[PDB]
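*Asks:* Opening with a subset of the complex:
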Amino acid sequence: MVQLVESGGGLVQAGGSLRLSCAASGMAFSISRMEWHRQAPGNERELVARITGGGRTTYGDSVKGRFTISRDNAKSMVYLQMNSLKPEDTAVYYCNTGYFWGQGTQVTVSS
Amino acid sequence: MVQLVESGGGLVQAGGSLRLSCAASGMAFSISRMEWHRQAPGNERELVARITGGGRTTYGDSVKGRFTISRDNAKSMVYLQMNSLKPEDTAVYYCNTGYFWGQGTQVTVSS
């Protein structure tokens, strides 16, 4: 069974910064590709980042220059660094792979 | 780094039975071959069992019909079941691989 567990998030101000973490389970972590997804309360879904298991990185054209995704092998960790937030990113974030989803976390930005 | 940690052992009577366990670390556990070694206080070393990572099992010609080694993937576990003990197996047991040893455990059999 594949289990993805992520932590972080919470409530911050407009100029704050966050570091969300996701931990993986019994798969081959050094080859597989990991993703981060975002859902707003009232919209369908989006895409945030991909890491392709080799180093290359692609974004969603709406968070370019603000977010940064990285991975750490030998511990099975996926880190998302969010800097210079805006008062519209109130949402729920999910850690994703080849359709093995996880229970997302809440991010709130005040005025 | 490869870390092997085993637990079990202790003091028992002549007719007792034990179950030693060994847990492995950051390697490919479903392919690699695991071993169990025994050292008596006053002798050099011996061999107890091998599991060859595929299912086959070989012993040391002195414990045949008494010991049983098994492995469990998806949790990285190696189990050694000792039955019908004799008052000569007082020793220290080690969990072994391709020369990445571990800190052994003590087994004592009374009269």
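*Replies:* Okay, I see it. Numbers count the residues shown, from 1 in each chain, chains lettered A, B, ... in the order given.
*Asks:* For the rest of this, base every contact and every neighbour count on C-alpha atoms.
*Replies:* Fine.
*Asks:* residue contacts, the most centrally placed residue in chain A?
*Replies:* Geometric centre of chain A, nearest residue: residue A:36, 3.7 Å, by CA atoms, centre = their mean. Shown in contact with residue A:36 (CA atoms under 8 Å, 6 or more residues apart in numbering or on different chains): A:47, A:48, A:49, A:50, A:93, A:94, A:95, A:96.
*Asks:* how close does the second one get to residue A:63?
*Replies:* Using CA to CA, to the nearest Å, one obtains 7 Å as the distance from residue A:48 to residue A:63.
*Asks:* So residue A:1 is in contact with residue A:24, correct?
*Replies:* No - counting by CA atoms under 8 Å, residue A:1 stays clear of residue A:24, with 10.8 Å between them.
*Asks:* These two: which is more packed in?
*Replies:* residue A:24 (20 against 7; other CA atoms under 10 Å in any protein chain shown).
*Asks:* Angles on the backbone of the more buried one, please.
*Replies:* phi -110, psi -180 (degrees, to the nearest 10).
*Asks:* Could you count how many residues lie near the closest residue in space to it that isn't next to it in sequence?
*Replies:* Nearest non-adjacent residue to residue A:24, counting by CA to CA, 6 or more residues apart in numbering or on different chains: residue A:4, 4.8 Å away. Other residues near residue A:4 come to 18 when the count uses other CA under 10 Å.
*Asks:* Chain C should join the structure above:
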Amino acid sequence: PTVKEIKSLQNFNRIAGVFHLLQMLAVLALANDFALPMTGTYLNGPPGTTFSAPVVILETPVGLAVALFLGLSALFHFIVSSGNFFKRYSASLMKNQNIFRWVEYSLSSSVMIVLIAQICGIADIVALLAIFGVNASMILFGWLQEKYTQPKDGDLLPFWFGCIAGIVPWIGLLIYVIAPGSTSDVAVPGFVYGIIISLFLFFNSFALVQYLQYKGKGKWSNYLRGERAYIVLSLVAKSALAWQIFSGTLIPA
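*Replies:* If we add chain C to the chains shown above, we get the following:
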């Protein structure tokens, strides 16, 4: 074979090359960024004792590979319809052999089969390199058969050798499709089956055309029929494969 029959092949080859070029340009312009890995699992001790976790060595982009195996054919079909090259081409056709075709195939077919094997779930680098070698060997066997024998004489040994040396990659594909010994509950998609079946049929078609050309019946005694068949099948195969990968893998962007 008279002069006019060899003259029409100029326009035939030019049309084929133009079609290949247009398809390559479209694929380059429309594709997104997709990649597949080449990996490797090394030892960590004595020869058969302890291994290590797999690591990723290289990453193949797909749009560039598709553009590559279309551009190769475009370039060769434009080369053949050149000047002195066409003189040597006609002279060689008068002798019942062609060389440009095998030089093209020994690269195009190898790239095709490497991509097809990679989609199915094969990642080791040595497997891909040896598949490349096997396919090139099959094409070279076909070249030797065409060079050293004569139609209607009943000698078909290099053809059988090429048939023997061209079935290994499909056995490997079958093994990874059946997947013996696995612990999983996710089924293979459908376009994988479509690709496998279609390309197997096309390869069988190429082999059959070779056999019928060198059997020498009452109708196939003319070499230009086989030449035209080899051009048309090559023009169809490339297009049949390049637009099945694109729709299903490269499209959502």
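*Asks:* what secondary structure does residue C:38 sit in?
*Replies:* At residue C:38 the chain is in strand, as set by DSSP: H, G, I helix; E, B strand; the rest coil.
*Asks:* now it, which residues is it bridged with?
*Replies:* residue C:58 (DSSP bridges).
*Asks:* picking that back up, check the gap between the residue nearest to the centre of chain A and residue B:36 for me.
*Replies:* 43 Å.
*Asks:* swap in residue A:85?
*Replies:* Taking CA to CA, one finds residue A:85 at 55 Å from residue B:36.
*Asks:* For the chain, which segments count as strands?
*Replies:* Using chain A. A:5-7, A:10-12, A:18-23, A:35-39, A:49-50, A:58-59, A:67-72, A:77-82, A:91-96, A:105-109 (DSSP state E).
*Asks:* oops, I was thinking of chain C
*Replies:* Taking DSSP E as the criterion, chain C carries its strands at C:35-40, C:55-61.
*Asks:* Quick check: which of the ones you listed is buried the most?
*Replies:* strand C:35-40 (a mean of 18; mean count of other CA atoms under 10 Å in any protein chain shown).
*Asks:* which helices and strands sit right next to that strand?
*Replies:* With contacts defined as 3 or more CA pairs under 8 Å, 6 or more residues apart in numbering or on different chains; DSSP states H and E, strand C:35-40 has these neighbours: strand C:55-61, helix C:125-148.
*Asks:* next up, chain D:
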Amino acid sequence: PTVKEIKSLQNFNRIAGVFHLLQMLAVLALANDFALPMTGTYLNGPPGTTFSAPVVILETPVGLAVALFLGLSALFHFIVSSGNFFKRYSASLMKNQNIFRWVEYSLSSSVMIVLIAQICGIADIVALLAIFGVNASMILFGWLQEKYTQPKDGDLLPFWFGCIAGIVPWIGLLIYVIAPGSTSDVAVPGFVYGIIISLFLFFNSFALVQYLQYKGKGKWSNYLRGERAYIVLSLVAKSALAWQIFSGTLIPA
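*Replies:* Adding chain D to what we have so far:
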């Protein structure tokens, strides 16, 4: 070639076969139980998204493989020195070609190269299958070169094709020996280097003997010299390899 020269080859082949049989029996009697795995890493989703941990499909024992590639040569050398088989053998030698040799080699050399690749740390099944195919293709190219051409005429195309199609496995071995992109601190032992270097030299020797036989100098114009060289090198190679694996892997029992 006269009658007596073809007559001595009976005793020559018989001696070679007896030596092979004795070595096979000794290896079978003395070896312990050692095994190496054949594995496979499957997908767990879309074509390029998620993989699974490797699993072991098969296990090769080593003593039986060694006994196999010695027994094959023993059996063939005893077959050639038979009755009507010897008549056909002499008749074919009169025509400057031999068929038994290639039928033997296309299996013996393939088993050798599979074992050598497996010791270095290659475990995928498709890699081993394709290496088998490549080696067999090289031997078949040698067969075609011997069948379709004549000495001293200057045609050496299938020889070059066989040289091209026989260098892939050694490139793979080199890649896994250099080990790019790994994260480890354990060095390769010495007998691995010994095996690799010695067997590369022996393969080069076989190719050189073929080339010198078909060049046609003032001394090598006799075919029986090349025949004797092919027997002796085969008798040496098998023994040079089977006793390097045994001392270092199979011995501590």
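*Asks:* Revisit the contacts of residue A:36 given that chain D is now included?
*Replies:* Counting by CA under 8 Å, 6+ apart, residue A:36 has contacts A:47, A:48, A:49, A:50, A:93, A:94, A:95, A:96.
*Asks:* do residue C:216 as well
*Replies:* C:151, C:152.
*Asks:* And it, how far from residue C:210?
*Replies:* For residue C:216, the distance to residue C:210 - CA to CA - is 11 Å.
*Asks:* if we can go back for a sec, among the contacts of residue A:36, which pair sits farthest apart?
*Replies:* Using CA to CA, the two most remote members of those are A:50 and A:93, lying 13.8 Å apart.
*Asks:* ok, back up a step: give the residues shared as contacts by residue C:216 and residue C:210.
*Replies:* With CA under 8 Å, 6+ apart, residue C:216 and residue C:210 have no common neighbours.
*Asks:* how much space between the nearest residue to the residue nearest to the centre of chain A once chain neighbours are set aside and residue B:30?
*Replies:* Of all residues not flanking residue A:36 in the chain, residue A:95 sits nearest, at 5.0 Å (CA to CA, 6+ apart). From residue A:95 across to residue B:30, the span is 27 Å (CA to CA).
*Asks:* who has more neighbours, these two?
*Replies:* Taking neighbours as other CA under 10 Å, residue A:95 and residue B:30 compare with residue A:95 leading, 24 against 20.
*Asks:* Near chain D, which residues of the stretch 151-253 of chain C are found?
*Replies:* Residues of the stretch 151-253 of chain C lying close to chain D (CA under 8 Å from any CA of the partner chain) are C:158, C:161, C:165, C:168-169, C:172, C:176, C:179-182, C:184-189.
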